[PDB]
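Taking it in order: structure first as structure tokens, then the write-up.
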Amino acid sequence: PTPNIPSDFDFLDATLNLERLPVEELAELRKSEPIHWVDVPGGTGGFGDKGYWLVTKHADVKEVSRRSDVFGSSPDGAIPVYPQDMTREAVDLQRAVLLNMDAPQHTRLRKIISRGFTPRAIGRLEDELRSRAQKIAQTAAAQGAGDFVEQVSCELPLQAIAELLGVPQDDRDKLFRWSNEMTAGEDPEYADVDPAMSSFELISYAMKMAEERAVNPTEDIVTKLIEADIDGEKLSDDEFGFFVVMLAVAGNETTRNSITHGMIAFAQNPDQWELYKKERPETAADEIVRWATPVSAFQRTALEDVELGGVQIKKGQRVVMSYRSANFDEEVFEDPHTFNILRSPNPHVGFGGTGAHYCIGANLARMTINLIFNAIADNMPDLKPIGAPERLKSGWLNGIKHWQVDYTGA
Ligand code: HEM
């Protein structure tokens, strides 16, 4: 235990992160105790254990990601922190979705699901999504000023999911509503949502979608997923249901928050914003994701006694990967605290470290990001912040709820 950071300091506390990301504190661990145990003697929310290991170095985060055979996702799920009213029961059924599964079921399911995220599948959405990105930006610009999150950041990630699944336009409203209801669990502004009922209804909708496409096939990814490959592999209707639920949370608030933090970074760095508007560099999306790191941390659970960075980890202890720390590791990134959209190479772990659970939607997210910022630069290139960004109350998701902006910059 380093003298500079006491073990009782909870890096994942939602109240702390509402105020700020513990950036300086993580930086301290990297110099003194890169693998660090956090004490929560009263019992952690949801899990009910007495603490967790925190991994702060880029190299060590990659090693954990790579060694799924000893660092599992199913005992406690990937999400590393829950409020105190969270039950052990709710934690232990996170395993019903891909993110929180281990081998062999994860191996089979990811292989099938990967059909939906080929270059062809993603690239075929580009025209429709660009069209929408433009109209999103134009509509916001016409308002003069307003909340950037709701008027610019929010819609395109949702539409991307919709266009990928081939959701009919008349159903997208309730789809978006359900998705947005599943993005709570701490913040008091969202205290009257029902995420459980929303997930239930979303599963139901998805299952019927699979049953319809089974009789009337289309050229969206749903048909690709529910039909047997050369080896007879396919998603059952319920599996597809839990896949859609997975998508609703995985590709919604993540991309949304990368866009908002992206624009904030551009506001704090006029030089880079001018550079983007003039050259539209392809490296921009990845520096945005590194800078935002929408997922601050995900965890694993040790399936057996194991040594990591000279530290003995005991079976059942949780191992939390700090993506936020790793993405600013001074041994990996040159000038990590400079926002540079031309950054190359850019080995960030914002989409996770290479391994079994590496983000399957990463290229879809990059496309979404590129399209919305191309549209912003095209329809509101002189936008300026009016108010301070209001942060989301979450211990692991680096979210922004609101950000008042003058689009015409007048
Ligand atoms: C900037 C946007 C995004 C970020 C930062 C992000 C981040 C991540 C991260 C860090 C993981 C690793 C989970 C772990 O190792 O425990 C992950 C997994 C995953 N992501 Fe993304 N994601 C983004 C966008 C998307 C989108 C747009 C989709 C789909 C439409 C998506 C679908 C998934 C799925 C299905 C998984 C689970 C894969 C598995 O467990 O095998 N993500 N994401």
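Naming scheme: A, B, ... for chains in displayed order of the structure tokens; residues 1 onward per chain; ligands 1 onward as shown.
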**Q.** Which of segment 201-373 of chain A DSSP labels helix (DSSP H, G or I), written as a PyMOL selection string
**A.** chain A and resi 201-213+221-225+237-250+253-268+270-279+284-292+323-326+362-373
(Q) Would you pick out the contacts of residue 345 of chain A at 12 Å or less, using only C-alpha atoms, so that residues sharing its chain but fewer than 4 positions from it are not included, and give the list as number ranges by chain? (A) A: 283-284, 286-287, 290, 332-334, 340-341
Selected residues written out, N, CA, C and O atoms, as a compact mmCIF listing (two decimals), in the first residue's frame:
# COMPACT_ATOMS: atom_id res chain seq x y z
N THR A 283 -7.73 9.60 -37.91
CA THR A 283 -7.22 9.27 -36.58
C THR A 283 -7.98 9.97 -35.46
O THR A 283 -7.74 9.72 -34.28
N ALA A 284 -8.91 10.85 -35.84
CA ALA A 284 -9.64 11.66 -34.87
C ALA A 284 -10.52 10.83 -33.94
O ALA A 284 -10.52 11.04 -32.72
N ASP A 286 -10.36 7.83 -32.85
CA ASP A 286 -9.66 7.04 -31.83
C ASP A 286 -9.05 7.91 -30.73
O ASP A 286 -8.99 7.48 -29.58
N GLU A 287 -8.61 9.12 -31.06
CA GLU A 287 -8.10 10.01 -30.03
C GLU A 287 -9.27 10.53 -29.19
O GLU A 287 -9.14 10.74 -27.98
N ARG A 290 -10.03 7.63 -26.84
CA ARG A 290 -9.01 7.63 -25.80
C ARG A 290 -9.26 8.74 -24.78
O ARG A 290 -9.20 8.52 -23.57
N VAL A 332 3.56 4.42 -22.46
CA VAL A 332 2.95 3.98 -23.71
C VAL A 332 2.67 5.14 -24.66
O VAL A 332 3.01 5.08 -25.84
N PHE A 333 2.05 6.19 -24.14
CA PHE A 333 1.67 7.34 -24.96
C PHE A 333 2.62 8.51 -24.78
O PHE A 333 2.88 8.95 -23.66
N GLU A 334 3.14 9.03 -25.89
CA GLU A 334 3.90 10.27 -25.87
C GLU A 334 2.95 11.43 -25.61
O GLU A 334 1.91 11.52 -26.26
N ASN A 340 -4.58 15.25 -29.21
CA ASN A 340 -4.06 15.34 -30.57
C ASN A 340 -4.77 14.38 -31.51
O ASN A 340 -4.53 13.17 -31.49
N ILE A 341 -5.63 14.93 -32.37
CA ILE A 341 -6.44 14.11 -33.27
C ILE A 341 -5.62 13.43 -34.37
O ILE A 341 -6.13 12.58 -35.09
Q) Counting only C-alpha atoms and all ligand atoms, which of A:275, A:326, A:221, A:369 gets nearest to ligand 1? A)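 Once distances to ligand 1 are computed over only C-alpha atoms and all ligand atoms, the minimum belongs to A:369.
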Q: Could you please write out, as a ChimeraX atom specification, every residue of segment 26-244 of chain A that DSSP assigns to strand (DSSP E)?
A: /A:35-39,51-55,71-72,145-147
Atoms to include: N, CA, C and O atoms. Write the selected residues as a PDB file, in the first residue's frame.
ATOM      1  N   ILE A  35      -0.483  -2.173  -9.150  1.00  0.00           N
ATOM      2  CA  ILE A  35      -1.553  -3.100  -8.809  1.00  0.00           C
ATOM      3  C   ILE A  35      -1.875  -2.929  -7.328  1.00  0.00           C
ATOM      4  O   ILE A  35      -1.069  -3.255  -6.455  1.00  0.00           O
ATOM      5  N   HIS A  36      -3.063  -2.400  -7.060  1.00  0.00           N
ATOM      6  CA  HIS A  36      -3.385  -1.832  -5.755  1.00  0.00           C
ATOM      7  C   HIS A  36      -4.706  -2.363  -5.214  1.00  0.00           C
ATOM      8  O   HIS A  36      -5.705  -2.406  -5.931  1.00  0.00           O
ATOM      9  N   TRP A  37      -4.708  -2.777  -3.953  1.00  0.00           N
ATOM     10  CA  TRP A  37      -5.927  -3.284  -3.331  1.00  0.00           C
ATOM     11  C   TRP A  37      -6.720  -2.174  -2.648  1.00  0.00           C
ATOM     12  O   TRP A  37      -6.182  -1.415  -1.838  1.00  0.00           O
ATOM     13  N   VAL A  38      -8.002  -2.085  -2.986  1.00  0.00           N
ATOM     14  CA  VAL A  38      -8.901  -1.132  -2.350  1.00  0.00           C
ATOM     15  C   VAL A  38      -9.740  -1.835  -1.281  1.00  0.00           C
ATOM     16  O   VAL A  38     -10.401  -2.833  -1.560  1.00  0.00           O
ATOM     17  N   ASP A  39      -9.691  -1.313  -0.057  1.00  0.00           N
ATOM     18  CA  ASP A  39     -10.455  -1.854   1.065  1.00  0.00           C
ATOM     19  C   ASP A  39     -11.855  -1.246   1.169  1.00  0.00           C
ATOM     20  O   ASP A  39     -12.006  -0.027   1.289  1.00  0.00           O
ATOM     21  N   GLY A  51     -13.634  -5.679  -0.961  1.00  0.00           N
ATOM     22  CA  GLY A  51     -12.766  -4.841  -1.760  1.00  0.00           C
ATOM     23  C   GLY A  51     -12.450  -5.428  -3.117  1.00  0.00           C
ATOM     24  O   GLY A  51     -13.118  -6.357  -3.566  1.00  0.00           O
ATOM     25  N   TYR A  52     -11.425  -4.882  -3.763  1.00  0.00           N
ATOM     26  CA  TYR A  52     -11.050  -5.284  -5.115  1.00  0.00           C
ATOM     27  C   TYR A  52      -9.636  -4.829  -5.454  1.00  0.00           C
ATOM     28  O   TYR A  52      -9.126  -3.874  -4.860  1.00  0.00           O
ATOM     29  N   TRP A  53      -9.013  -5.516  -6.412  1.00  0.00           N
ATOM     30  CA  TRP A  53      -7.727  -5.098  -6.956  1.00  0.00           C
ATOM     31  C   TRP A  53      -7.952  -4.094  -8.077  1.00  0.00           C
ATOM     32  O   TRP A  53      -8.884  -4.237  -8.869  1.00  0.00           O
ATOM     33  N   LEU A  54      -7.101  -3.076  -8.139  1.00  0.00           N
ATOM     34  CA  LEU A  54      -7.184  -2.076  -9.194  1.00  0.00           C
ATOM     35  C   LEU A  54      -5.914  -2.107 -10.029  1.00  0.00           C
ATOM     36  O   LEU A  54      -4.810  -2.029  -9.497  1.00  0.00           O
ATOM     37  N   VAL A  55      -6.082  -2.226 -11.341  1.00  0.00           N
ATOM     38  CA  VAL A  55      -4.958  -2.361 -12.260  1.00  0.00           C
ATOM     39  C   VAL A  55      -4.806  -1.089 -13.081  1.00  0.00           C
ATOM     40  O   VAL A  55      -5.719  -0.712 -13.815  1.00  0.00           O
ATOM     41  N   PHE A  71      -8.895 -15.048 -15.663  1.00  0.00           N
ATOM     42  CA  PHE A  71      -9.641 -13.858 -15.277  1.00  0.00           C
ATOM     43  C   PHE A  71     -11.006 -13.847 -15.952  1.00  0.00           C
ATOM     44  O   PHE A  71     -11.158 -13.342 -17.067  1.00  0.00           O
ATOM     45  N   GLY A  72     -11.993 -14.404 -15.259  1.00  0.00           N
ATOM     46  CA  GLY A  72     -13.312 -14.609 -15.827  1.00  0.00           C
ATOM     47  C   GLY A  72     -14.248 -13.425 -15.708  1.00  0.00           C
ATOM     48  O   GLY A  72     -14.072 -12.546 -14.859  1.00  0.00           O
ATOM     49  N   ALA A 145     -29.514  27.581 -29.924  1.00  0.00           N
ATOM     50  CA  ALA A 145     -28.802  27.078 -28.755  1.00  0.00           C
ATOM     51  C   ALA A 145     -29.626  25.994 -28.070  1.00  0.00           C
ATOM     52  O   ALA A 145     -30.829  25.879 -28.306  1.00  0.00           O
ATOM     53  N   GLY A 146     -28.980  25.194 -27.227  1.00  0.00           N
ATOM     54  CA  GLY A 146     -29.676  24.144 -26.510  1.00  0.00           C
ATOM     55  C   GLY A 146     -28.734  23.133 -25.896  1.00  0.00           C
ATOM     56  O   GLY A 146     -27.516  23.322 -25.909  1.00  0.00           O
ATOM     57  N   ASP A 147     -29.299  22.058 -25.354  1.00  0.00           N
ATOM     58  CA  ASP A 147     -28.504  20.994 -24.754  1.00  0.00           C
ATOM     59  C   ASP A 147     -27.885  20.110 -25.839  1.00  0.00           C
ATOM     60  O   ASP A 147     -28.585  19.387 -26.547  1.00  0.00           O
TER      61      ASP A 147
END
Q | Contacts of ligand 1, 6 Å or closer, only C-alpha atoms and all ligand atoms, given as a PyMOL selection string | A | chain A and resi 78+98-99+110+161+246-247+250-251+254-255+258+289+293-295+298+350-352+356-362+364-365
Q: Find the residue from A:136, A:267, A:285, A:206 that sits nearest to residue 367 of chain A; use only C-alpha atoms when measuring.
A: A:285
Q.
Which residues are near residue 240 of chain A? Cut-off 8 Å, only C-alpha atoms, ignore same chain within fewer than 2 positions. Put them as a list in words.
A.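 The residues satisfying every condition are residues 206, 207, 210, 225, 226, 235, 236, 237, 238, 242, 243 and 244 of chain A.
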For the selection you just gave me, I'd like the residues written to a file as a tab-separated table (two decimals), in the first residue's frame, keeping C-alpha atoms.
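Result went into part_8.tsv, see below:
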chain	number	residue	atom	x	y	z
A	206	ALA	CA	-36.40	-8.77	-30.27
A	207	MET	CA	-37.68	-12.34	-29.97
A	210	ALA	CA	-36.36	-13.04	-34.87
A	225	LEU	CA	-27.76	-14.32	-36.84
A	226	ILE	CA	-30.81	-16.60	-36.75
A	235	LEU	CA	-28.83	-17.87	-32.34
A	236	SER	CA	-32.01	-19.21	-30.79
A	237	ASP	CA	-34.80	-16.64	-30.44
A	238	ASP	CA	-34.03	-15.96	-26.77
A	242	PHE	CA	-30.41	-11.11	-24.96
A	243	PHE	CA	-28.12	-10.01	-27.78
A	244	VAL	CA	-30.37	-7.04	-28.58
**Q.** Between atom CA of residue 180 of chain A and atom CA of residue 325 of chain A, distance in Å (one decimal)
**A.** 27.7 Å
Q.
Can you pull out the residues contacting residue 74 of chain A? Cut-off 8 Å, using only C-alpha atoms, and skip same-chain residues under 2 positions away; I want them as a list in words.
A.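 Listed by chain and then number, they are residues 72, 76, 77, 78, 92, 94, 95, 100, 101, 102 and 301 of chain A.
Note that atom CA of residue 116 of chain A and atom CA of residue 155 of chain A are 21.1 Å apart.
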